[PDB]
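Remarks on the structure that follows.
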Amino acid sequence: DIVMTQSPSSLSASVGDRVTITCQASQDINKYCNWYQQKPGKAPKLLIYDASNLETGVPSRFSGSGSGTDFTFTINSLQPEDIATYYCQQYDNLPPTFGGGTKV
Amino acid sequence: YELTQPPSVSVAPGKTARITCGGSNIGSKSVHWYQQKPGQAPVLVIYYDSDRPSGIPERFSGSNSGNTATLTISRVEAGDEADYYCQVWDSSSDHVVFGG
Amino acid sequence: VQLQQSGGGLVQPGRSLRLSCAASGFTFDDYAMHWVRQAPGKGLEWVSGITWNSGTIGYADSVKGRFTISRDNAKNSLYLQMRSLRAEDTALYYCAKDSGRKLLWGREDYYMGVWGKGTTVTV
Amino acid sequence: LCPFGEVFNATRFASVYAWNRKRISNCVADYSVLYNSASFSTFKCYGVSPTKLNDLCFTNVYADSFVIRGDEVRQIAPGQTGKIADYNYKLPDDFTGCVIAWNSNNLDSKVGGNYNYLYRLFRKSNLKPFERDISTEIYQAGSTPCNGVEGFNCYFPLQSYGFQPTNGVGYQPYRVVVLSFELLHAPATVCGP
Amino acid sequence: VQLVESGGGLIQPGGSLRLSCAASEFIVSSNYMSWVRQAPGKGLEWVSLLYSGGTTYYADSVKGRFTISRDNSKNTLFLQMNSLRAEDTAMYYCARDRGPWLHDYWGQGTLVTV
């Protein structure tokens, strides 16, 4: 199974700071790396799919990039509403694997 | 790929006609000439370098030079004037270009 | 040989349309088909093309991620699923047939010997 | 002899959803040279032996050619489950033939990517064995009907492979040829040397 | 669009429980419905996926004990958990997957305790 190592975790930053989440995979997940946002006490919602494309409705502040094994997620502007938990999913191999998660 | 033929041919009736196709290193590639009369579907005057299809007048003669392919129409009959296009296949671009 | 065409009509911008090109006479599975569009008072332009083994030759730079071309050798039918049309798409779409040899080990060359009456599309 | 070169040496190859079926009859088929060639990475045969291909004669042999990514070659089997094995190309459970696959990263992979190769992702039902669906209609993902325009709950049924030279093993394009040996219902036409 | 979930509670270990995933503005016969569970104070983990045609996939941990099925009569998705262990205590979500495992839209969620 692909191991989706995710770091840093429980990252805290001031308003306006840009956060760069790095989620590395053991095996080549060429472009298949979804990013989900889970508000406390609610179901997660997808933000970035294919690690570049931005889901409709999602603000332009969120942005993802990277291909191959290493991928990066950037919220750019740090909106106070952004406080949530973010996960990276390969969703390509038969046992899809989520990352450890970051408590942004 | 960058096919360029000037749109100005006014050959006097009965005289030899010449249409030039401009392309970089056009000699290596194969030049295909087409003729389209107004209100009519285009026809294949010449497909390969100086290779005519069956059932066409001998007037249309082609000559793909090193840098400028030429379509020569000797003994031009009355009328028989229409738009002529030269097209080649660009392997690098992977799409056919008809020029203009 | 005859290449009947159908499906040409006025289309609202942003919509989709399908063009069919019925073929008869020649062996449909032994030749390559091409779509050529010609704007009114303009020159020829190569839209798409499919080889004998249902392998798309390519698409024009403009119509790349919007037009999909398919063929059905069983019924000798050529299709072009036009999608998200714009003002520039307004033209007359021929259904030409390549008379070249079977393309093997590369050596790709195309000369559309046989053409047909096209169906105008208005956007 | 038999026309097999054009199938295994064509410059272009058909897409998965619109896979081409080539009918072969009245020929002397030499399957030995195909098996001898080390280029073919996969030569798995179901219900037949590689040496028995020349020994046993058949008729109305079909050849299906298409290109799929590397990791999906496993889905081309008599019993399999997948997005391309249930909506693009499904082999019968009693399939009798050989599946031939080999890497073609040097030919199909475009530097910037192309829409030449694409596969069907959405379909309501499962394809019957040896059935192809080339229809291109806007898929409906809910109660509300959809018009020609595509948006929310309106998905185009086809998606394009991102074949690029930078892609690693498991995502590079692989040519796939499926040979179907039909039972001798008619007098034998395709016999070995 | 909405995915209402119900059928949670407390189950004796080794017991059988079936969950329900009501749907609206969606056809459970399509859209690649799926189930994703999350252990209390833990990360997400995939459980099962239902294809539009009928193909199903299950996680190895929940293989055999878990069965997924759909009811096209009322547009509801069901997850029959035949055998339950201590690990199965989690929060279960039914999500609409644009692709195989895209999970574009997520359900409200139900809590299961064993």
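The chains carry the letters A, B, C, D and E, assigned in the order they are written, with residues numbered from 1 in each.
Methods note: contacts are C-beta pairs under 8 Å (C-beta built on N, C-alpha and C of every residue); 3 or more make two chains touch, one makes a residue touch a chain.
A.B. asks: So which chain ends up closest to the centre of the protein, judged by Cα positions averaged per chain?
C.D. replies: So the chain nearest the centre of the shown protein is D.
A.B. asks: Compute the centre of every chain as the mean of its C-alpha atoms, then state which one is farthest from the centre of subunit B.
C.D. replies: E
A.B. asks: Mind checking the centre-to-centre distance between subunit C and subunit E? Centres are C-alpha means, answer in whole Å.
C.D. replies: Measuring from centre to centre gives 46 Å for this pair.
A.B. asks: Compute the distance, rounded to whole Å, between the mean C-alpha positions of subunit C and subunit D.
C.D. replies: Measuring from centre to centre gives 24 Å for this pair.
A.B. asks: Round to the nearest whole Å and give the separation of the Cα centres of subunit A and subunit D.
C.D. replies: Averaging C-alpha atoms per chain gives centres 36 Å apart.
A.B. asks: Please compute the C-alpha centroid of subunit A, do the same for subunit C, then give the distance between them in whole Å.
C.D. replies: Each chain reduced to its C-alpha mean, subunit A and subunit C end up 43 Å apart.
A.B. asks: I need the residues of subunit B touching at least two other chains; which ones are they?
C.D. replies: Correct list: 94.
A.B. asks: Residues of subunit A touching 2+ other chains?
C.D. replies: Correct list: empty.
A.B. asks: Which subunit C residues touch at least two other chains?
C.D. replies: In subunit C, residues 57-59, 106, 108 touch at least two other chains, as defined above.
A.B. asks: Under the touch definition given earlier, write down the residues of subunit E that touch subunit D in their complex.
C.D. replies: 1, 25-27, 29-31, 51-55, 57, 98-100
A.B. asks: Could you pull out which subunit B residues touch subunit C in their complex?
C.D. replies: 30, 32, 34, 36, 41-44, 47-48, 53, 83, 85, 87, 89, 91, 94-100
A.B. asks: Name, in rising order, each residue of subunit E that touches subunit A in their complex.
C.D. replies: So the residues of subunit E touching subunit A come out as 43-46, 57, 59-60, 93, 95, 98-104, 106-109.
A.B. asks: So in the complex, which bits of subunit A are touching subunit D?
C.D. replies: 28, 30-31, 56, 68
A.B. asks: Could you pull out which subunit A residues touch subunit E in their complex?
C.D. replies: It comes out as residues 34, 36, 42-46, 49, 55, 87, 89, 91-92, 94-101.
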